[PDB]
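Okay, structure first, notes after.
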Amino acid sequence: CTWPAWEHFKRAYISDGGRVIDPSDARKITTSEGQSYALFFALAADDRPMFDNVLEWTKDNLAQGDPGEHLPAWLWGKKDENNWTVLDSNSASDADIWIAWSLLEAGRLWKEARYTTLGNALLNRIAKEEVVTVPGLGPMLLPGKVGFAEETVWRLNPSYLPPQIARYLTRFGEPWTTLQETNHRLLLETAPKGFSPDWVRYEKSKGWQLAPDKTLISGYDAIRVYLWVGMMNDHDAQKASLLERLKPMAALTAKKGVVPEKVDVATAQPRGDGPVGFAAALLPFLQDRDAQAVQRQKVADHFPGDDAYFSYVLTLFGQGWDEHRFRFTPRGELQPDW
């Protein structure tokens, strides 16, 4: 009853103490993102021992022992020859959200009230520290607790709140009820050519900043937008509207046979070939049987090695969903494959 790609990921990328190590950083870093993804994959795999191992490392080393009182620091690793510690105390809200959702779903599915308590506390802390009311938009999720909000300009990351997780979180009331609506609009309104940006700015009295720009690109963050949308349950009434908006990414991938590495959000111009992780990330997204099969062949023949954290986690998400390793319900709950 095992998931072999996850078994190997545990052996090759997760320390005995429970931290996900990106081997491609000289500092041998752990990110809150790596931890949150490990929590999700452990829950999908019905792997409570690794879930607890990862969670305990996260709370003690990223959150001063209590994510309910401290948002996890996003970056941890080797600072000096003699000091392995937090490298950046700032948060990353995509990770905070995935941790909170994974805690709530583990508490529900494993019937363990402590996961629920910690997830509820973390979710309230996310709301307190990195959800703000933006004039003209309403409540929005900032990419982190500092550094993305100023008096007249805000910067958002469309990949940071998967639509199905937003749908799930509405069960806890405001601000999650309204955040689901503002997130849906964010995804539709900032993809004027059908490509979602890594990062997008909103300016007071001016609206979204969508003029052509070298930093307004569908790249290594925005690839996950298409992934999240593809993994929505078909009975979520809003999946269709998101697939329709983002359909040019599917058409471009199918035409080329290769997922582009970067696409200019304002002009739709592609450049570069994405890594195997981008191929896997689009498996749930591509609705055409043939285009999907072309990417499936790439993932099968170029499966990521032990030196490729990013392509590996994208592959666990996309190939995992492609292999029915997990599903989401129409409300964004985990539909486990146990």
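Letters for chains follow the order of the structure tokens (A, B, ...), residue numbers begin at 1 for each chain, and ligand numbers begin at 1 in the order shown.
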Mind the document's chain letters and residue numbers, and return as a ChimeraX atom specification the residues of region 7-167 of chain A that DSSP labels alpha helix (DSSP H).
/A:7-13,32-44,48-62,93-109,113-130,163-167
List as number ranges by chain the protein and nucleic acid residues near region 245-251 of chain A, meaning an atom at most 9 Å away when only C-alpha atoms are counted, but skip any in the same chain fewer than 4 places from it.
A: 187-188, 191-196, 226, 240-241, 255-256, 259-260, 263, 268, 282, 285-288, 291
Closest atom pairs, region 43-125 of chain A residues within 10 Å of region 304-326 of chain A, only C-alpha atoms, as JSON lines:
```
{"residue": "A:43", "atom": "CA", "partner": "A:326", "partner_atom": "CA", "distance": 9.4}
{"residue": "A:44", "atom": "CA", "partner": "A:326", "partner_atom": "CA", "distance": 5.8}
{"residue": "A:45", "atom": "CA", "partner": "A:325", "partner_atom": "CA", "distance": 7.5}
```
Requested write-out: N, CA and C atoms of the selected residues, as a PDB file, in the first residue's frame:
```
ATOM      1  N   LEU A  43       0.189  12.994   4.082  1.00  0.00           N
ATOM      2  CA  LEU A  43      -1.237  12.769   4.307  1.00  0.00           C
ATOM      3  C   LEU A  43      -1.862  11.992   3.153  1.00  0.00           C
ATOM      4  N   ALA A  44      -1.561  12.388   1.912  1.00  0.00           N
ATOM      5  CA  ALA A  44      -2.073  11.645   0.764  1.00  0.00           C
ATOM      6  C   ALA A  44      -1.671  10.177   0.833  1.00  0.00           C
ATOM      7  N   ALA A  45      -0.447   9.906   1.280  1.00  0.00           N
ATOM      8  CA  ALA A  45       0.102   8.556   1.339  1.00  0.00           C
ATOM      9  C   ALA A  45      -0.345   7.779   2.575  1.00  0.00           C
TER      10      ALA A  45
END
```
Close residues, region 111-120 of chain A itself excluded, 10 Å, only C-alpha atoms, min 3 positions apart in chain, as a list in words
residues 52, 55, 66, 67, 68, 69, 96, 97, 99, 100, 101, 102, 103, 104, 105, 106, 107, 108, 123, 124, 125, 126 and 172 of chain A
Residues from last step as file, C-alpha atoms, as a JSON list (two decimals), in the first residue's frame:
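Now in again.json:
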```json
[["chain", "number", "residue", "atom", "x", "y", "z"],
["A", 52, "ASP", "CA", 4.48, 13.81, 12.41],
["A", 55, "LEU", "CA", 5.42, 18.58, 11.45],
["A", 66, "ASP", "CA", 4.21, 26.81, 17.91],
["A", 67, "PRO", "CA", 2.89, 27.69, 14.44],
["A", 68, "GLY", "CA", -0.25, 29.00, 16.17],
["A", 69, "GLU", "CA", 1.81, 31.84, 17.67],
["A", 96, "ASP", "CA", 1.49, 28.62, 5.59],
["A", 97, "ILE", "CA", -1.72, 27.84, 3.70],
["A", 99, "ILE", "CA", 0.44, 23.56, 6.28],
["A", 100, "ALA", "CA", -2.84, 24.81, 7.72],
["A", 101, "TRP", "CA", -4.92, 22.90, 5.19],
["A", 102, "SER", "CA", -2.85, 19.73, 5.72],
["A", 103, "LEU", "CA", -3.23, 20.03, 9.51],
["A", 104, "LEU", "CA", -7.01, 20.50, 9.24],
["A", 105, "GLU", "CA", -7.38, 17.54, 6.91],
["A", 106, "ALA", "CA", -5.13, 15.26, 8.96],
["A", 107, "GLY", "CA", -7.16, 16.12, 12.05],
["A", 108, "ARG", "CA", -10.36, 15.30, 10.21],
["A", 123, "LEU", "CA", -5.19, 29.69, 10.03],
["A", 124, "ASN", "CA", -6.20, 32.46, 12.43],
["A", 125, "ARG", "CA", -2.57, 33.61, 12.53],
["A", 126, "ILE", "CA", -2.38, 33.69, 8.72],
["A", 172, "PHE", "CA", -14.29, 28.90, 8.61]]
```
Measuring atom to atom with only C-alpha atoms, identify which of A:148, A:303, A:220, A:228 is nearest to residue 273 (chain A).
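Result for the nearest residue to residue 273 (chain A): A:220.
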Pick out each residue of region 77-247 of chain A that DSSP on the backbone tags as strand (DSSP E or B); I need them as number ranges by chain.
A: 77-80, 83-88, 131-134, 138-141, 149, 153-156, 200-203, 207-208, 217-218
Show me, as a VMD selection string, the residues that have an atom within 9 Å of residue 178 (chain A) when counting only C-alpha atoms, minus same-chain residues fewer than 4 positions from it.
chain A and resid 138 to 140 170 173 to 174 182 to 183
I'd like the neighbourhood of region 23-37 of chain A as a list in words, where a residue qualifies if any of its atoms comes within 7 Å (using only C-alpha atoms), though same-chain residues fewer than 2 positions away should be ignored.
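Result of the neighbour search: residues 19, 20, 21, 39, 40, 41, 54, 58, 72, 73, 74, 75, 76, 77, 78, 95, 98, 99 and 307 of chain A.
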When you draw a straight line from CA of residue 230 (chain A) to CA of residue 166 (chain A), how long is it in Å?
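We find that CA of residue 230 (chain A) and CA of residue 166 (chain A) lie 14.8 Å from each other.
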Find the residues near residue 236 (chain A): any atom within 10 Å, counting only C-alpha atoms, skip ones fewer than 6 places away on the same chain, and give them as an NGL selection string.
:A and (163-164 or 167 or 328-332)
Got a sec: who's within 12 Å of residue 298 (chain A), counting only C-alpha atoms, leaving out chain neighbours fewer than 2 positions off, as a ChimeraX atom specification?
/A:257-259,274-283,291-296,300-304,315,319
Could you work out how far CA of residue 269 (chain A) lies from CA of residue 210 (chain A), giving the answer in Å with one decimal?
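Taking CA of residue 210 (chain A) as the start and CA of residue 269 (chain A) as the end point, the length is 14.5 Å.
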Using only C-alpha atoms, which of the listed residues (A:299, A:169, A:5, A:149) sits closest to residue 127 (chain A)?
A:169
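Between residue 143 (chain A) and the residues A:84, A:208, A:199, A:338, the shortest atom-to-atom distance, using only C-alpha atoms, involves A:199.
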For residue 89 (chain A), the nearest of the candidates A:144, A:129, A:158, A:9, counting only C-alpha atoms:
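Closest residue, counting only C-alpha atoms: A:144.
Using only C-alpha atoms for every distance, the candidate list A:160, A:231, A:237, A:216 yields A:216 as the residue closest to residue 266 (chain A).
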Out of A:157, A:53, A:253, A:82, which residue has the shortest atom-to-atom distance to residue 221 (chain A) when counting only C-alpha atoms?
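Ranking A:157, A:53, A:253, A:82 by distance to residue 221 (chain A), first place goes to A:157.
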